[PDB]
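Trainee: All letters in the sequence shown, in the order written, are residues 1 to 115 by the authors' numbering. The structure follows.
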Amino acid sequence: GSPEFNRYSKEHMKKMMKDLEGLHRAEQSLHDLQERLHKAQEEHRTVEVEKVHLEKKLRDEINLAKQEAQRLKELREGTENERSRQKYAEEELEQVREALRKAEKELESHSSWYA
Numbered sequence: 001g002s003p004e005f006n007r008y009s010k011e012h013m014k015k016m017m018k019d020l021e022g023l024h025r026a027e028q029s030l031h032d033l034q035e036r037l038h039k040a041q042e043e044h045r046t047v048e049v050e051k052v053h054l055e056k057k058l059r060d061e062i063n064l065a066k067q068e069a070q071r072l073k074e075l076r077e078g079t080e081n082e083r084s085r086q087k088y089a090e091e092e093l094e095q096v097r098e099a100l101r102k103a104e105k106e107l108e109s110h111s112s113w114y115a
């Protein structure tokens, strides 16, 4: 193949390993998000239990985590080093972390009011 794949192999593999582990954790986040809602019901009985699930909220949260996953795919494909025009790579990791933070904040808010 092109020798560039070998020249950039170090950044490519570092991004690929880190960001795919994150992508797998984003699938895990789809499922952990619904499992956490399930516990917000199972133990706590959140006041919005009738609405907190359904196609609407389940699809919305896994779509948020899918946005996270899309960027983990985008990054794992290998952005190489953060040159001045490529400074969005680890910035996108913070945006991935924002997708995750929004989900964690959602779960907190869904469990903040119960019984």
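All C-beta atoms, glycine included, are put in the ideal place defined by N, C-alpha and C.
Where does the unbroken alpha helix (DSSP H) through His38 begin, and where does it stop?
Mentor: If you number the sequence shown from 1, residue 38 lands on position 38. From DSSP, the alpha helix (DSSP H) with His38 extends over 9–39.
Trainee: Check whether the Cβ atoms of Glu11 and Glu80 sit closer than 8 Å, and answer yes or no.
Mentor: As a working note, residue 11 is residue 11 in the sequence shown. As a working note, residue 80 is residue 80 in the sequence shown. The answer is yes: Cβ separation under 8 Å.
Trainee: On the CB-based measure, 16 or more other CB atoms within 10 Å of its CB, does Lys39 come out buried or exposed?
Mentor: For the purposes of this step, residue 39 is identified with residue 39 of the sequence shown, where counting begins at 1. Classification for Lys39: exposed.
Trainee: CA-CA distance, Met17 and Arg76?
Mentor: In the sequence shown, residue 17 corresponds to position 17, counting from 1. In the sequence shown, residue 76 corresponds to position 76, counting from 1. Approximately 7 Å, taken between the alpha carbons.
Trainee: Is the region 88–102 touching the region 51–60, taking contact as three or more C-beta pairs under 8 Å?
Mentor: They do not touch, by the three-pair rule.
Trainee: Going by DSSP, what residues sit across from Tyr88 in a beta bridge?
Mentor: Against the sequence shown, residue 88 aligns to sequence position 88. For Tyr88, which the question treats as bridged, DSSP gives no partner whatsoever.
Trainee: Report yes if the C-beta distance between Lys105 and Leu64 is below 8 Å; otherwise report no.
Mentor: Within the sequence shown, numbered from 1, the residue matching residue 105 stands at position 105. Within the sequence shown, numbered from 1, the residue matching residue 64 stands at position 64. The answer is no: Cβ separation not under 8 Å.
Trainee: Hey, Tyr114 and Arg45 are a contact pair by Cβ (cut 8 Å); roughly how many whole angstroms apart?
Mentor: Walking along the sequence shown from the start, residue 114 turns up at place 114. Walking along the sequence shown from the start, residue 45 turns up at place 45. Right, the Cβ-Cβ distance comes to about 5 Å (below 8 Å), so this counts as a contact.
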